[PDB]
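S.K.: Below is work_11.cif; it holds mmCIF, C-alpha atoms and all ligand atoms.
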data_my_file
#
loop_
_atom_site.label_atom_id
_atom_site.label_comp_id
_atom_site.auth_asym_id
_atom_site.auth_seq_id
_atom_site.Cartn_x
_atom_site.Cartn_y
_atom_site.Cartn_z
CA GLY A 1 12.23 -17.53 19.09
CA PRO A 2 11.34 -16.75 15.50
CA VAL A 3 13.99 -16.90 12.77
CA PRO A 4 15.05 -13.35 11.75
CA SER A 5 14.33 -11.94 8.29
CA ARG A 6 15.88 -9.19 6.07
CA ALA A 7 14.64 -7.52 2.89
CA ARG A 8 16.40 -8.97 -0.11
CA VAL A 9 16.60 -5.49 -1.71
CA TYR A 10 17.37 -1.97 -0.41
CA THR A 11 18.40 -3.69 2.79
CA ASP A 12 20.75 -1.05 4.16
CA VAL A 13 19.47 2.15 2.47
CA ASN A 14 18.83 3.88 5.81
CA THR A 15 22.01 2.70 7.54
CA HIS A 16 23.95 4.66 4.85
CA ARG A 17 21.87 7.85 4.97
CA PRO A 18 22.48 10.77 7.32
CA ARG A 19 20.78 10.46 10.72
CA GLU A 20 18.40 13.33 9.85
CA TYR A 21 16.96 11.33 6.91
CA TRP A 22 15.29 8.64 9.03
CA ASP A 23 15.39 10.15 12.52
CA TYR A 24 11.93 11.72 12.08
CA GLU A 25 11.51 12.34 15.83
CA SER A 26 14.21 15.02 15.50
CA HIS A 27 12.60 16.68 12.46
CA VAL A 28 11.88 20.41 12.73
CA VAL A 29 8.62 21.30 10.94
CA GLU A 30 8.70 24.34 8.69
CA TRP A 31 5.31 26.09 8.86
CA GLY A 32 3.67 27.97 6.00
CA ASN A 33 0.84 30.49 6.18
CA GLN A 34 -2.55 29.08 7.18
CA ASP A 35 -4.24 32.17 5.73
CA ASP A 36 -3.22 31.07 2.21
CA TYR A 37 -5.89 28.34 2.38
CA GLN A 38 -9.69 28.58 2.38
CA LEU A 39 -11.57 25.35 3.11
CA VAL A 40 -14.43 24.70 0.67
CA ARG A 41 -15.87 21.25 1.29
CA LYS A 42 -15.18 18.40 3.73
CA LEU A 43 -14.30 15.31 1.71
CA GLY A 44 -13.68 12.62 4.33
CA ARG A 45 -12.86 11.71 7.88
CA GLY A 46 -10.47 8.86 8.54
CA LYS A 47 -9.46 7.39 11.89
CA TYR A 48 -6.58 9.86 12.20
CA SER A 49 -7.52 12.94 10.10
CA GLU A 50 -10.17 15.06 8.38
CA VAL A 51 -9.73 15.80 4.68
CA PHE A 52 -10.97 18.98 2.95
CA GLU A 53 -11.13 20.39 -0.52
CA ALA A 54 -9.73 23.90 -0.27
CA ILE A 55 -8.49 26.76 -2.44
CA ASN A 56 -5.03 28.34 -2.30
CA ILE A 57 -5.84 32.07 -2.53
CA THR A 58 -2.22 32.91 -3.50
CA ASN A 59 -2.73 31.20 -6.89
CA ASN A 60 -6.46 30.32 -6.92
CA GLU A 61 -5.49 26.64 -7.33
CA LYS A 62 -7.56 23.82 -5.80
CA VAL A 63 -5.85 21.92 -3.02
CA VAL A 64 -6.47 19.15 -0.48
CA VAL A 65 -6.08 19.85 3.21
CA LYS A 66 -5.58 16.99 5.62
CA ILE A 67 -6.02 18.09 9.23
CA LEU A 68 -4.08 15.62 11.38
CA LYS A 69 -5.32 14.55 14.82
CA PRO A 70 -3.70 11.10 15.44
CA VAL A 71 -3.85 9.33 18.82
CA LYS A 72 -0.17 8.44 18.31
CA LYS A 73 1.54 11.84 18.17
CA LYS A 74 4.81 10.43 16.72
CA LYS A 75 2.98 9.70 13.46
CA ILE A 76 2.83 13.44 12.81
CA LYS A 77 6.56 13.96 12.23
CA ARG A 78 6.80 10.49 10.71
CA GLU A 79 4.31 11.30 7.96
CA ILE A 80 5.77 14.75 7.34
CA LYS A 81 9.36 13.45 7.14
CA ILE A 82 8.35 10.60 4.81
CA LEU A 83 6.43 12.94 2.48
CA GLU A 84 9.35 15.38 2.32
CA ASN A 85 11.80 12.54 1.69
CA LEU A 86 9.68 11.21 -1.21
CA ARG A 87 8.60 14.55 -2.69
CA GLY A 88 9.07 14.62 -6.47
CA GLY A 89 9.27 10.81 -6.80
CA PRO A 90 7.20 9.15 -9.57
CA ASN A 91 3.51 8.93 -8.67
CA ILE A 92 4.03 10.01 -5.03
CA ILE A 93 1.60 12.63 -3.72
CA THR A 94 3.35 16.02 -3.40
CA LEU A 95 3.20 17.72 0.01
CA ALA A 96 2.80 21.37 -0.99
CA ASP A 97 2.64 22.97 2.48
CA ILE A 98 2.27 22.38 6.22
CA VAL A 99 0.15 24.83 8.22
CA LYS A 100 -1.18 25.05 11.80
CA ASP A 101 -4.97 24.85 11.71
CA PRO A 102 -6.34 27.65 13.93
CA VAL A 103 -9.32 25.64 15.20
CA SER A 104 -7.89 22.16 15.77
CA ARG A 105 -4.50 23.67 16.81
CA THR A 106 -2.86 20.78 14.91
CA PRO A 107 -0.74 20.47 11.74
CA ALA A 108 -2.62 20.51 8.45
CA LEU A 109 -0.97 18.99 5.40
CA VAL A 110 -1.58 20.64 2.06
CA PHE A 111 -1.40 18.42 -1.03
CA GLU A 112 -1.78 18.97 -4.76
CA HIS A 113 -5.30 18.21 -5.96
CA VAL A 114 -5.86 14.86 -7.71
CA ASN A 115 -9.10 15.49 -9.65
CA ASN A 116 -11.16 13.88 -8.25
CA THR A 117 -10.95 10.18 -8.05
CA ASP A 118 -9.98 6.86 -6.65
CA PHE A 119 -10.30 4.14 -8.28
CA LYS A 120 -12.21 1.87 -5.96
CA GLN A 121 -14.83 3.63 -8.13
CA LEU A 122 -13.07 2.86 -11.42
CA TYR A 123 -10.91 -0.24 -10.81
CA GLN A 124 -13.86 -2.64 -11.27
CA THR A 125 -14.61 -1.23 -14.77
CA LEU A 126 -11.13 -0.87 -16.34
CA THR A 127 -10.08 -2.58 -19.53
CA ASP A 128 -7.32 -5.22 -19.58
CA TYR A 129 -4.94 -2.65 -21.02
CA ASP A 130 -5.86 -0.07 -18.41
CA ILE A 131 -5.30 -2.58 -15.54
CA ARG A 132 -1.77 -3.25 -16.82
CA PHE A 133 -1.15 0.48 -17.35
CA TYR A 134 -2.24 1.51 -13.88
CA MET A 135 -0.47 -1.44 -12.23
CA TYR A 136 2.78 -0.29 -13.81
CA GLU A 137 2.21 3.24 -12.51
CA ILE A 138 1.64 1.96 -8.97
CA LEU A 139 4.85 -0.08 -9.29
CA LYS A 140 6.78 3.09 -10.13
CA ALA A 141 5.64 4.62 -6.81
CA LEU A 142 6.40 1.52 -4.82
CA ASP A 143 9.87 0.94 -6.27
CA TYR A 144 10.64 4.60 -5.60
CA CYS A 145 9.60 4.52 -1.93
CA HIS A 146 11.23 1.15 -1.28
CA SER A 147 14.50 2.38 -2.91
CA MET A 148 14.27 5.33 -0.50
CA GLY A 149 14.05 3.00 2.46
CA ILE A 150 10.34 3.42 3.09
CA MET A 151 7.45 0.91 3.17
CA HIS A 152 3.92 2.27 2.59
CA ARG A 153 2.10 -0.39 4.66
CA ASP A 154 -1.42 0.67 3.55
CA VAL A 155 -1.65 -0.08 -0.18
CA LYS A 156 -5.36 -0.41 -1.08
CA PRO A 157 -7.67 1.05 -3.76
CA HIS A 158 -8.65 4.07 -1.64
CA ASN A 159 -5.00 5.15 -1.37
CA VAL A 160 -4.53 5.07 -5.11
CA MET A 161 -5.86 8.28 -6.63
CA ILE A 162 -6.48 8.27 -10.38
CA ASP A 163 -7.15 11.10 -12.79
CA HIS A 164 -8.44 8.87 -15.58
CA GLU A 165 -8.65 11.73 -18.15
CA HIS A 166 -4.96 12.53 -18.06
CA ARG A 167 -4.16 8.92 -17.17
CA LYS A 168 -2.38 10.10 -14.04
CA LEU A 169 -1.99 8.17 -10.78
CA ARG A 170 -0.82 9.12 -7.24
CA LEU A 171 -0.13 6.93 -4.19
CA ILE A 172 -1.54 8.78 -1.16
CA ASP A 173 -1.91 8.60 2.66
CA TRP A 174 1.58 7.98 3.97
CA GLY A 175 0.27 8.08 7.59
CA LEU A 176 1.09 4.40 8.17
CA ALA A 177 4.41 4.42 6.26
CA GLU A 178 7.65 3.53 8.10
CA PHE A 179 11.41 3.52 7.57
CA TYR A 180 12.82 0.06 6.95
CA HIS A 181 15.70 -0.85 9.27
CA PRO A 182 17.13 -4.40 8.92
CA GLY A 183 16.21 -6.51 11.95
CA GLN A 184 13.69 -4.00 13.32
CA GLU A 185 10.47 -5.44 14.76
CA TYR A 186 7.38 -3.60 13.51
CA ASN A 187 3.72 -3.33 14.53
CA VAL A 188 1.58 -5.94 12.76
CA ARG A 189 -1.54 -3.76 13.17
CA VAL A 190 -1.11 -1.95 9.85
CA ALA A 191 -2.87 -2.08 6.44
CA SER A 192 -6.59 -2.63 5.94
CA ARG A 193 -7.99 -6.15 6.64
CA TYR A 194 -8.45 -7.46 3.07
CA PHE A 195 -4.96 -6.25 2.12
CA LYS A 196 -3.04 -7.49 5.20
CA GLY A 197 -0.12 -9.78 4.37
CA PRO A 198 0.13 -13.30 5.94
CA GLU A 199 3.13 -11.97 7.91
CA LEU A 200 0.74 -9.55 9.71
CA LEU A 201 -1.92 -12.24 10.16
CA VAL A 202 0.50 -14.66 11.83
CA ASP A 203 2.07 -11.92 14.00
CA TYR A 204 5.51 -11.95 12.35
CA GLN A 205 7.10 -8.59 13.16
CA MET A 206 10.32 -8.53 11.11
CA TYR A 207 8.61 -7.76 7.80
CA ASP A 208 9.68 -5.35 5.04
CA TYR A 209 8.86 -3.68 1.70
CA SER A 210 7.48 -7.02 0.49
CA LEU A 211 4.32 -6.37 2.60
CA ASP A 212 3.30 -3.77 -0.02
CA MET A 213 3.69 -6.37 -2.81
CA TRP A 214 1.17 -8.69 -1.10
CA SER A 215 -1.28 -5.78 -0.85
CA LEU A 216 -0.67 -4.98 -4.53
CA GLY A 217 -1.38 -8.61 -5.44
CA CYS A 218 -4.71 -8.41 -3.53
CA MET A 219 -5.56 -5.36 -5.68
CA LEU A 220 -4.54 -7.13 -8.91
CA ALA A 221 -6.62 -10.22 -8.04
CA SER A 222 -9.69 -8.05 -7.32
CA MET A 223 -9.28 -6.25 -10.66
CA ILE A 224 -8.62 -9.18 -13.05
CA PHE A 225 -11.20 -11.43 -11.35
CA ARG A 226 -13.84 -8.74 -10.68
CA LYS A 227 -14.13 -9.88 -7.06
CA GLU A 228 -14.08 -7.10 -4.47
CA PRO A 229 -12.29 -7.89 -2.18
CA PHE A 230 -10.52 -11.00 -3.37
CA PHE A 231 -9.82 -12.32 0.14
CA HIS A 232 -12.99 -11.51 2.07
CA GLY A 233 -12.36 -12.20 5.79
CA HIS A 234 -14.91 -11.40 8.50
CA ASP A 235 -12.02 -10.56 10.89
CA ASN A 236 -8.21 -10.87 11.02
CA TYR A 237 -8.40 -14.59 11.81
CA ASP A 238 -10.89 -15.50 9.10
CA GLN A 239 -8.74 -13.33 6.80
CA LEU A 240 -5.97 -15.96 7.01
CA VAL A 241 -8.49 -18.78 6.53
CA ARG A 242 -9.76 -17.10 3.33
CA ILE A 243 -6.17 -16.93 2.04
CA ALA A 244 -5.54 -20.57 2.97
CA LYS A 245 -8.64 -21.61 1.02
CA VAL A 246 -6.84 -20.32 -2.12
CA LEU A 247 -3.08 -20.81 -1.48
CA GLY A 248 -3.60 -24.00 0.56
CA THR A 249 -2.66 -24.91 4.11
CA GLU A 250 0.49 -26.93 3.25
CA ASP A 251 2.32 -23.82 1.93
CA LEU A 252 1.08 -21.88 5.01
CA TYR A 253 2.58 -24.46 7.36
CA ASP A 254 5.79 -24.49 5.31
CA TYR A 255 5.95 -20.66 5.72
CA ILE A 256 5.41 -20.55 9.47
CA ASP A 257 7.84 -23.54 9.86
CA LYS A 258 10.53 -21.71 7.86
CA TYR A 259 10.44 -18.77 10.26
CA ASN A 260 9.74 -20.91 13.34
CA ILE A 261 6.43 -19.01 13.88
CA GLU A 262 3.71 -20.66 15.94
CA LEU A 263 0.13 -19.99 14.86
CA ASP A 264 -2.30 -18.65 17.46
CA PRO A 265 -3.97 -21.86 18.75
CA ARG A 266 -7.22 -20.09 17.78
CA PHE A 267 -6.58 -21.41 14.25
CA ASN A 268 -6.86 -25.11 15.26
CA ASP A 269 -10.68 -25.06 15.21
CA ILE A 270 -10.97 -22.87 12.07
CA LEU A 271 -8.10 -23.35 9.58
CA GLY A 272 -8.86 -26.90 8.40
CA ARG A 273 -6.99 -28.58 5.55
CA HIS A 274 -7.03 -26.90 2.09
CA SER A 275 -5.39 -27.75 -1.21
CA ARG A 276 -3.76 -25.02 -3.29
CA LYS A 277 -6.22 -23.99 -6.02
CA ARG A 278 -5.30 -23.38 -9.66
CA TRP A 279 -5.98 -19.71 -10.56
CA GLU A 280 -8.37 -20.83 -13.33
CA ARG A 281 -10.87 -21.59 -10.57
CA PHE A 282 -11.60 -17.83 -10.37
CA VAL A 283 -12.02 -17.22 -14.13
CA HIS A 284 -15.53 -17.00 -15.57
CA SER A 285 -17.36 -15.49 -18.56
CA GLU A 286 -17.60 -12.07 -16.92
CA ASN A 287 -13.88 -11.63 -16.14
CA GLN A 288 -12.15 -13.78 -18.79
CA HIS A 289 -11.25 -10.75 -20.98
CA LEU A 290 -9.02 -9.48 -18.12
CA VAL A 291 -7.26 -12.78 -17.55
CA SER A 292 -4.25 -13.92 -19.57
CA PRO A 293 -1.43 -16.39 -18.85
CA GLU A 294 0.83 -13.40 -18.16
CA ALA A 295 -1.62 -11.94 -15.61
CA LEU A 296 -2.00 -15.22 -13.79
CA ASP A 297 1.75 -15.81 -13.64
CA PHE A 298 2.36 -12.24 -12.39
CA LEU A 299 -0.34 -12.66 -9.73
CA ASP A 300 1.03 -16.04 -8.68
CA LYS A 301 4.40 -14.39 -8.02
CA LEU A 302 2.97 -11.63 -5.81
CA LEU A 303 0.55 -13.70 -3.75
CA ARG A 304 3.14 -15.84 -1.96
CA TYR A 305 3.00 -16.65 1.75
CA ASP A 306 6.77 -16.27 2.11
CA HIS A 307 7.38 -12.49 2.02
CA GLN A 308 10.97 -13.25 0.87
CA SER A 309 9.73 -15.13 -2.28
CA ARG A 310 7.44 -12.36 -3.63
CA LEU A 311 8.48 -10.30 -6.64
CA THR A 312 10.05 -7.00 -5.65
CA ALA A 313 8.66 -3.83 -7.24
CA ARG A 314 11.52 -3.69 -9.72
CA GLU A 315 11.24 -7.39 -10.70
CA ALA A 316 7.51 -6.90 -11.11
CA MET A 317 8.11 -4.10 -13.70
CA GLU A 318 10.23 -6.65 -15.64
CA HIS A 319 7.27 -9.06 -15.96
CA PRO A 320 5.86 -10.14 -19.35
CA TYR A 321 2.45 -8.84 -18.21
CA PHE A 322 3.78 -5.33 -18.92
CA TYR A 323 5.22 -5.99 -22.42
CA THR A 324 1.97 -4.75 -24.05
CA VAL A 325 2.03 -1.47 -22.08
CA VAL A 326 3.51 1.48 -24.04
CA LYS A 327 6.60 2.82 -22.25
CA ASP A 328 7.14 6.62 -22.18
CA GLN A 329 8.28 8.14 -24.37
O1 LIG B 401 -13.84 13.22 -3.39
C1 LIG B 401 -13.30 12.73 -2.36
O2 LIG B 401 -13.96 12.14 -1.48
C2 LIG B 401 -11.82 12.86 -2.19
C3 LIG B 401 -10.99 13.50 -3.12
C4 LIG B 401 -9.66 13.40 -2.57
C5 LIG B 401 -8.47 13.86 -3.09
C6 LIG B 401 -7.32 13.61 -2.32
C7 LIG B 401 -6.10 14.07 -2.83
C8 LIG B 401 -4.90 13.88 -2.15
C9 LIG B 401 -4.95 13.21 -0.94
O3 LIG B 401 -3.88 12.89 -0.06
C10 LIG B 401 -4.44 12.22 1.01
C11 LIG B 401 -3.56 11.74 2.12
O4 LIG B 401 -4.06 11.13 3.09
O5 LIG B 401 -2.34 11.97 2.00
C12 LIG B 401 -5.84 12.07 0.91
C13 LIG B 401 -6.20 12.70 -0.33
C14 LIG B 401 -7.41 12.88 -1.00
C15 LIG B 401 -8.64 12.42 -0.50
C16 LIG B 401 -9.75 12.68 -1.29
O6 LIG B 401 -11.13 12.36 -1.09
#
Could I get this structure in the form of C-alpha cells?
Ligand SMILES: O=C(O)c1cc2cc3ccc4oc(C(=O)O)cc4c3cc2o1
M.R.:
Amino acid sequence: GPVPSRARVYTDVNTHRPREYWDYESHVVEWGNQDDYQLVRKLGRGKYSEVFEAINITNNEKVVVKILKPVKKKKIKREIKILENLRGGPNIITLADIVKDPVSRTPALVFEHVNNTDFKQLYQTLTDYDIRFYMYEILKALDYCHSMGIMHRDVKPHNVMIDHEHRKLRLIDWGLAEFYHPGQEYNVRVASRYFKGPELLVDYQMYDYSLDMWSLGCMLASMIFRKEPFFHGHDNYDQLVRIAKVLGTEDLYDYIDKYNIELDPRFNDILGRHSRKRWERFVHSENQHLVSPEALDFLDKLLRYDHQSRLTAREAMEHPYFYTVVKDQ
C-alpha cells in the first residue's frame, strides 16, 4: 500500500462548503439563448471540444464559443460548475453564457474574448521583466483556484492566454480541473506530457494542488532557459527519465521510498543512474539575460519530486524573484 498524502494548504476547503459547491453531478445548468451568438471562424479542435470565434449580436461584442463533445459526459457539469465557482477570480477566464448548440445538440460555453493570443507564441521572446510579470499573474490565478478547492491539472502555455498590449493574462480550459478532497484518489492521466508531474509519472493517485506548481515550474524553465519543452520525453516513461537526468535518480528513489511507491519495472532497463545537475548547466550566452540567482532559486523550489516540498502558489508570490515586479497600484 502507498503512504497517504494531503495538501499542506487549503486542505479542507470543500469539506466546509455546502454540498452544492462541489457536488457538480447535481448541478442544474441554466441555459441562455443560442440565437444571441453567430459563429464567425473556427479557431481550434481539441480532443474534447471545438472552439469558435463568434459575435454576440445583443452587444456586437466578440466572443469565444467552445462546443463541448467529451467522451466522459460527467466532465460537462464538472467544467461548468468549476467555471461558475471561479467566475470573477483574478486572471480566471469568465464564463459569459451556456447555450445548447442546435447542430451538435450539446452545451456550448461562451467566454469573453482574449485578443488574440497565447503565449506559446510569445513566451519564447519575452524580456526578463516580462517573464516575472506574467509568472506573477499566473500565480494569482492558481492561488485563487487552489484557495477555492480546485486544481487546474492542465497548466501549459496553450492554456495561458495573453493580451500583451494591455498586459492582461487569463488561465483557460478548465475541462480537466477537479475538486480537491483530502484522501481522494485521482486519475493520473491528466496534464500534457511535458508538463506532467512526477506523481503522475509514477502512478501516485493521491496528489493535489501542488501538481499545478510542477507544471508551472516546467513553464518557467522553458522560458528562462529558452528550451521548449524543458523536459522533452518521447512518451510518459521517457518523460520521467528526462526529469531524472536533471534532478537525479537518488532524489527520485527517495521520493518513491517516502510514499512507499514502487516504480513500474519498465524503468529498470531505462532509468539508469543520474546525478543531480546544477542549474547553471542550462545557462548559455543566448539565455543568460533571463537567468538570475533569484530565478534559479525560485525554479529549484518548484521543480521538486516531492509534491509536498514544492512552493505553494502563495509562497511563490512571496519569492525574491518578484521583488522587481511593480505591484498594483
Ligand atoms: O486564435 C486562436 O487560435 C485562438 C484564440 C482563442 C481565444 C480563446 C479565448 C478563451 C478560451 O477559453 C478556452 C477554454 O477552453 O476554456 C479556449 C479559449 C480560446 C482559444 C483560442 O484559440
S.K.: Enumerate as a compact mmCIF listing (two decimals) with C-alpha atoms, in the coordinates of the input the residues within 6 Å of ligand LIG 401 (chain B), counting all atoms listed in the file.
M.R.:
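Output below, filename selection-v5.txt:
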# COMPACT_ATOMS: atom_id res chain seq x y z
CA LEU A 43 -14.30 15.31 1.71
CA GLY A 44 -13.68 12.62 4.33
CA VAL A 64 -6.47 19.15 -0.48
CA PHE A 111 -1.40 18.42 -1.03
CA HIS A 113 -5.30 18.21 -5.96
CA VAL A 114 -5.86 14.86 -7.71
CA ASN A 116 -11.16 13.88 -8.25
CA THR A 117 -10.95 10.18 -8.05
CA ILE A 172 -1.54 8.78 -1.16
CA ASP A 173 -1.91 8.60 2.66
CA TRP A 174 1.58 7.98 3.97
S.K.: For the point (6.3, 22.8, 6.7) in the file's frame, write as a CSV table (one decimal) with C-alpha atoms, in the coordinates of the input all residues with an atom no more than 8 Å away, counting all atoms listed in the file.
M.R.:
chain,number,residue,atom,x,y,z
A,29,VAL,CA,8.6,21.3,10.9
A,30,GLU,CA,8.7,24.3,8.7
A,31,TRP,CA,5.3,26.1,8.9
A,32,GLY,CA,3.7,28.0,6.0
A,97,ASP,CA,2.6,23.0,2.5
A,98,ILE,CA,2.3,22.4,6.2
A,99,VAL,CA,0.2,24.8,8.2
S.K.: Give me the residues within 12 Å of residue A:100 as a PyMOL selection string, counting all atoms listed in the file and dropping any in the same chain fewer than 4 places off.
M.R.: chain A and resi 29-37+65-69+104-110
S.K.: Find the residues near stretch 131-134 of chain A: any atom within 8 Å, counting only C-alpha atoms, skip ones fewer than 2 places away on the same chain, and give them as a ChimeraX atom specification.
M.R.: /A:123,126-129,136-138,169,223-224,321-322,325
S.K.: Using only C-alpha atoms, can you tell me which of A:296, A:206, A:211, A:71 comes closest to residue A:5?
M.R.: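 Checking each of A:296, A:206, A:211, A:71 against residue A:5, counting only C-alpha atoms, the winner is A:206.
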S.K.: Could you tell me how far atom CA of residue A:152 sits from atom CA of residue A:87, in Å to one decimal place?
M.R.: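 About the pair atom CA of residue A:87 and atom CA of residue A:152: they are 14.2 Å apart.
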S.K.: Any idea what's packed within 12 Å of residue A:220, counting all atoms listed in the file, ignoring anything in its chain fewer than 6 positions away? Could you give it as number ranges by chain?
M.R.: A: 123-124, 126, 128, 130-136, 138-139, 155-157, 195, 213-214, 226-231, 290-291, 295-303, 321
S.K.: Excluding same-chain residues fewer than 4 positions from residue A:198, what lies within 9 Å of it counting only C-alpha atoms, as a list in words?
M.R.: residues 202, 203, 204, 211, 214, 239, 240, 243, 252, 304, 305, 306 and 307 of chain A
S.K.: Report, in Å with one decimal, the straight-line distance from atom CA of residue A:15 to atom CA of residue A:196.
M.R.: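 Here the two named atoms are 27.1 Å from each other.
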S.K.: Choose the residue, out of A:50, A:199, A:212, A:165, that has the smallest atom-to-atom separation from residue A:150; count only C-alpha atoms.
M.R.: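 Closest to residue A:150, using only C-alpha atoms: A:212.
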S.K.: Restricting the calculation to all atoms listed in the file: of A:27, A:81, A:273, A:193, which residue gets closest to residue A:234?
M.R.: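 Of the candidates, the smallest distance to residue A:234 is held by A:193.
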S.K.: Rounded to one decimal place, report the atom CA of residue A:158-atom CA of residue A:187 distance in Å.
M.R.: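 Result for atom CA of residue A:158 versus atom CA of residue A:187: 21.7 Å, one decimal.
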S.K.: Which residues come within 6 Å of residue A:153, counting all atoms listed in the file, excluding same-chain residues fewer than 2 positions away, as a PDB file with C-alpha atoms, in the frame of the given file?
M.R.:
ATOM      1  CA  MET A 151       7.450   0.910   3.170  1.00  0.00           C
ATOM      2  CA  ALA A 177       4.410   4.420   6.260  1.00  0.00           C
ATOM      3  CA  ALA A 191      -2.870  -2.080   6.440  1.00  0.00           C
ATOM      4  CA  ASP A 212       3.300  -3.770  -0.020  1.00  0.00           C
TER       5      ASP A 212
END
S.K.: So, with only C-alpha atoms as the atoms that count, which of A:83, A:188, A:216, A:92 lies closest to residue A:311?
M.R.: A:216
S.K.: As JSON, please: the centre and edge lengths in Å, to one decimal, of an axis-aligned box enclosing every listed atom of stretch 110-116 of chain A with 8 Å added on each side.
M.R.:
{"center_x": -6.3, "center_y": 17.3, "center_z": -3.8, "size_x": 25.8, "size_y": 22.8, "size_z": 27.7}
S.K.: Check the smallest atom-to-atom distance from each of A:241, A:122, A:76, A:148 to residue A:89 using only C-alpha atoms, then report the winner.
M.R.: A:148
S.K.: Pick the closest to residue A:312 from A:146, A:41, A:19, A:73: which is it, counting all atoms listed in the file?
M.R.: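 So, comparing all the options, the nearest one is A:146.
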S.K.: At a cut-off of 7 Å around the point (9.7, -3.7, 11.7) (file coordinates), what residues fall inside when counting all atoms listed in the file? I'd like the answer as a list in words.
M.R.: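 Residues with an atom at most 7 Å from (9.7, -3.7, 11.7): residues 180, 184, 185, 186, 187, 205, 206, 207 and 208 of chain A.
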